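Engineer: Sharing a structure below in structure tokens format, with a few things to ask.
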Amino acid sequence: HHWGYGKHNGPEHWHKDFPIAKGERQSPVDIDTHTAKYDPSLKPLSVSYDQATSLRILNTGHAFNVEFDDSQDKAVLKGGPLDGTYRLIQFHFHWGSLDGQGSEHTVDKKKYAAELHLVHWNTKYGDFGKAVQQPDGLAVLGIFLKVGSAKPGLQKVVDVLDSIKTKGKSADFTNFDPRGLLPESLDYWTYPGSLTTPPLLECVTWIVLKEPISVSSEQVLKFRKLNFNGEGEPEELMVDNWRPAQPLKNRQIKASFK
Ligand SMILES: [Zn+2]
């Protein structure tokens, strides 16, 4: 059967269809802050989202993706541990059924309520499909969400979820500015990893921001109203769509701050 986050098709079963699940550079991982190495050679991140053009929001059956026009670099990520230009193609979240879980990466074993993933691909490879086949093909910016004060810039996303409740549903979602989802500081940890959902390709340079953003209980509650199922099928609430931490193995996590 198709992979998912249930008891019979969850993360522990993925290796049967995707052997790379037991690979050498799988994600997510636990970030041990005392073992992370401060690297003074790491450059500051350069986030240019002023010309971003959002197009649509889609319920993929595993999460909801906000898609962007990536036919030109209008929204790009550069600098940091990256060499070259990476174009933003989509962002999505992972969340839990309770505020005490939901994030994929953890910090000193601490789990956050959710995790935002801004996915970018290396322009030198021409298209997203080619990029995922390369070790330096993608750059994913990870941002933790803690429950507290509401995040104004996230509300437009929250209000449209009713229209894409079930798998396969999509809605026009134009003029959304992703800058409203970024924390004040851009200090980060970085390590070589993989996509956290099948095909689990090891083509990602992970950039995880140290500063979480705050969202209200009401905002996260609305995420939990989505469905894994398609319309007309038995209702399965979309919650706990996160993969647990994987072995770090032969990898070093570097920090841009000390
Ligand atoms: Zn993700």
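Each chain in the structure tokens gets a letter, A, B and so on, in the order shown; residues start at 1 in every chain, and ligands are counted from 1 in the order they appear.
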Which protein, DNA or RNA residues have an atom within 9 Å of ligand 1, counting only C-alpha atoms and all ligand atoms, as a VMD selection string?

Structural biologist: chain A and resid 63 91 to 94 104 115 to 119 140 142 195 to 197 242

Engineer: Write out the residues from the selection above, keeping C-alpha atoms, as an mmCIF file, in the first residue's frame.

Structural biologist:
data_model
loop_
_atom_site.group_PDB
_atom_site.id
_atom_site.type_symbol
_atom_site.label_atom_id
_atom_site.label_comp_id
_atom_site.auth_asym_id
_atom_site.auth_seq_id
_atom_site.Cartn_x
_atom_site.Cartn_y
_atom_site.Cartn_z
ATOM 1 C CA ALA A 63 0.695 18.000 3.940
ATOM 2 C CA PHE A 91 6.782 25.560 1.372
ATOM 3 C CA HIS A 92 4.820 23.252 3.643
ATOM 4 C CA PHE A 93 4.596 22.292 7.311
ATOM 5 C CA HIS A 94 4.738 19.205 9.535
ATOM 6 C CA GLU A 104 10.857 16.796 12.473
ATOM 7 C CA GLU A 115 8.143 22.812 11.449
ATOM 8 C CA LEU A 116 8.059 24.942 8.318
ATOM 9 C CA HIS A 117 10.054 23.816 5.279
ATOM 10 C CA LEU A 118 10.871 26.301 2.522
ATOM 11 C CA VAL A 119 12.116 24.194 -0.396
ATOM 12 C CA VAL A 140 15.612 23.516 2.586
ATOM 13 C CA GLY A 142 13.689 24.830 8.329
ATOM 14 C CA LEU A 195 14.027 14.801 1.848
ATOM 15 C CA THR A 196 12.005 13.700 4.884
ATOM 16 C CA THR A 197 9.269 12.089 2.780
ATOM 17 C CA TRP A 242 6.396 14.077 10.836
#

Engineer: Skip residue 67 in chain A itself and residues of its chain fewer than 2 positions away, then list as a list in words all residues within 10 Å of it, counting only C-alpha atoms.

Structural biologist: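 The residues satisfying every condition are residues 53, 54, 55, 56, 57, 58, 64, 65, 69, 70, 88, 89, 90, 91, 92, 119, 172, 173 and 174 of chain A.
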
Engineer: Run DSSP on the backbone and give me the residues of range 19-156 of chain A it puts in helix (DSSP H, G or I), as a PyMOL selection string.

Structural biologist: chain A and resi 19-22+123-125+128-131+152-156

Engineer: Those residues you just picked out, can you put them in a file as a PDB file, in the first residue's frame with N, CA and C atoms?

Structural biologist:
ATOM      1  N   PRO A  19      14.441   1.773   0.003  1.00  0.00           N
ATOM      2  CA  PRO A  19      15.619   1.312   0.741  1.00  0.00           C
ATOM      3  C   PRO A  19      16.545   2.409   1.255  1.00  0.00           C
ATOM      4  N   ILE A  20      16.571   3.548   0.569  1.00  0.00           N
ATOM      5  CA  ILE A  20      17.441   4.642   0.977  1.00  0.00           C
ATOM      6  C   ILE A  20      17.025   5.194   2.341  1.00  0.00           C
ATOM      7  N   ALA A  21      15.881   4.738   2.845  1.00  0.00           N
ATOM      8  CA  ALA A  21      15.397   5.175   4.151  1.00  0.00           C
ATOM      9  C   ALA A  21      16.420   4.836   5.235  1.00  0.00           C
ATOM     10  N   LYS A  22      17.249   3.830   4.975  1.00  0.00           N
ATOM     11  CA  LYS A  22      18.273   3.431   5.934  1.00  0.00           C
ATOM     12  C   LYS A  22      19.633   3.929   5.455  1.00  0.00           C
ATOM     13  N   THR A 123      19.597  26.265  -9.271  1.00  0.00           N
ATOM     14  CA  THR A 123      19.337  26.641 -10.655  1.00  0.00           C
ATOM     15  C   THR A 123      20.282  26.059 -11.695  1.00  0.00           C
ATOM     16  N   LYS A 124      21.470  25.631 -11.288  1.00  0.00           N
ATOM     17  CA  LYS A 124      22.388  25.093 -12.280  1.00  0.00           C
ATOM     18  C   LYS A 124      21.899  23.777 -12.878  1.00  0.00           C
ATOM     19  N   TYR A 125      20.917  23.146 -12.237  1.00  0.00           N
ATOM     20  CA  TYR A 125      20.392  21.885 -12.747  1.00  0.00           C
ATOM     21  C   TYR A 125      19.164  22.024 -13.656  1.00  0.00           C
ATOM     22  N   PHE A 128      13.555  21.283 -11.065  1.00  0.00           N
ATOM     23  CA  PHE A 128      13.457  20.571  -9.801  1.00  0.00           C
ATOM     24  C   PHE A 128      13.718  19.074  -9.936  1.00  0.00           C
ATOM     25  N   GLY A 129      13.141  18.465 -10.969  1.00  0.00           N
ATOM     26  CA  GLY A 129      13.317  17.039 -11.188  1.00  0.00           C
ATOM     27  C   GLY A 129      14.766  16.614 -11.338  1.00  0.00           C
ATOM     28  N   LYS A 130      15.576  17.444 -11.985  1.00  0.00           N
ATOM     29  CA  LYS A 130      16.989  17.125 -12.167  1.00  0.00           C
ATOM     30  C   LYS A 130      17.751  17.392 -10.871  1.00  0.00           C
ATOM     31  N   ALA A 131      17.360  18.458 -10.182  1.00  0.00           N
ATOM     32  CA  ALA A 131      18.008  18.853  -8.939  1.00  0.00           C
ATOM     33  C   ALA A 131      17.983  17.789  -7.838  1.00  0.00           C
ATOM     34  N   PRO A 152       0.789  37.030  12.590  1.00  0.00           N
ATOM     35  CA  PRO A 152      -0.057  37.725  11.611  1.00  0.00           C
ATOM     36  C   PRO A 152       0.117  37.248  10.167  1.00  0.00           C
ATOM     37  N   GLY A 153       1.366  37.145   9.726  1.00  0.00           N
ATOM     38  CA  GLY A 153       1.653  36.724   8.364  1.00  0.00           C
ATOM     39  C   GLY A 153       1.254  35.310   7.987  1.00  0.00           C
ATOM     40  N   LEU A 154       0.831  34.520   8.967  1.00  0.00           N
ATOM     41  CA  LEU A 154       0.421  33.144   8.706  1.00  0.00           C
ATOM     42  C   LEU A 154      -1.089  33.008   8.544  1.00  0.00           C
ATOM     43  N   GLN A 155      -1.837  33.994   9.031  1.00  0.00           N
ATOM     44  CA  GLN A 155      -3.294  33.932   8.977  1.00  0.00           C
ATOM     45  C   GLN A 155      -3.911  33.725   7.595  1.00  0.00           C
ATOM     46  N   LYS A 156      -3.365  34.355   6.560  1.00  0.00           N
ATOM     47  CA  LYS A 156      -3.935  34.155   5.232  1.00  0.00           C
ATOM     48  C   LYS A 156      -3.860  32.682   4.834  1.00  0.00           C
TER      49      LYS A 156
END

Engineer: Do you know which residues are at most 7 Å from residue 246 in chain A counting only C-alpha atoms, after dropping those on the same chain fewer than 2 positions away, and could you put them as a PyMOL selection string?

Structural biologist: chain A and resi 26-29+244+248

Engineer: The selected residues should be written to file as a CSV table (one decimal), in the first residue's frame (atoms: N, CA, C and O atoms).

Structural biologist:
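Output (result.csv):
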chain,number,residue,atom,x,y,z
A,26,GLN,N,20.3,10.6,6.0
A,26,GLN,CA,18.9,10.7,6.1
A,26,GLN,C,18.5,11.9,7.1
A,26,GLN,O,19.3,12.2,8.0
A,27,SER,N,17.4,12.4,6.9
A,27,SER,CA,16.8,13.5,7.7
A,27,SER,C,15.4,13.1,8.2
A,27,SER,O,14.8,12.3,7.6
A,28,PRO,N,15.0,13.7,9.3
A,28,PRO,CA,15.6,14.7,10.1
A,28,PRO,C,16.6,14.1,11.1
A,28,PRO,O,16.8,12.9,11.1
A,29,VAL,N,17.2,15.0,11.9
A,29,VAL,CA,18.1,14.5,12.9
A,29,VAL,C,18.0,15.4,14.2
A,29,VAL,O,17.3,16.4,14.1
A,244,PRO,N,10.4,10.7,12.5
A,244,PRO,CA,11.3,10.8,13.7
A,244,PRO,C,12.7,11.0,13.3
A,244,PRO,O,13.1,10.7,12.2
A,248,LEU,N,22.7,10.2,12.9
A,248,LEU,CA,23.5,11.3,12.3
A,248,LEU,C,24.7,10.6,11.5
A,248,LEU,O,25.1,11.1,10.5

Engineer: Nearest residue to residue 188 in chain A out of A:160, A:255, A:76, A:139, using only C-alpha atoms?

Structural biologist: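 When distances to residue 188 in chain A are compared using only C-alpha atoms, the smallest one comes from A:255.
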
Engineer: Using DSSP secondary structure from the backbone, list all strand (DSSP E) positions within range 92-128 of chain A, as JSON, numbers by chain.

Structural biologist: {"A": [92, 93, 94, 95, 106, 107, 114, 115, 116, 117, 118, 119, 120, 121, 122]}

Engineer: Might you pull out every residue within 10 Å of residue 37 in chain A, with only C-alpha atoms counted and same-chain residues fewer than 6 positions away left off, and present them as number ranges by chain?

Structural biologist: A: 189-190, 252-258

Engineer: Between CA of residue 201 in chain A and CA of residue 106 in chain A, what distance in Å does the model show, to one decimal?

Structural biologist: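 Result for CA of residue 201 in chain A versus CA of residue 106 in chain A: 20.6 Å, one decimal.
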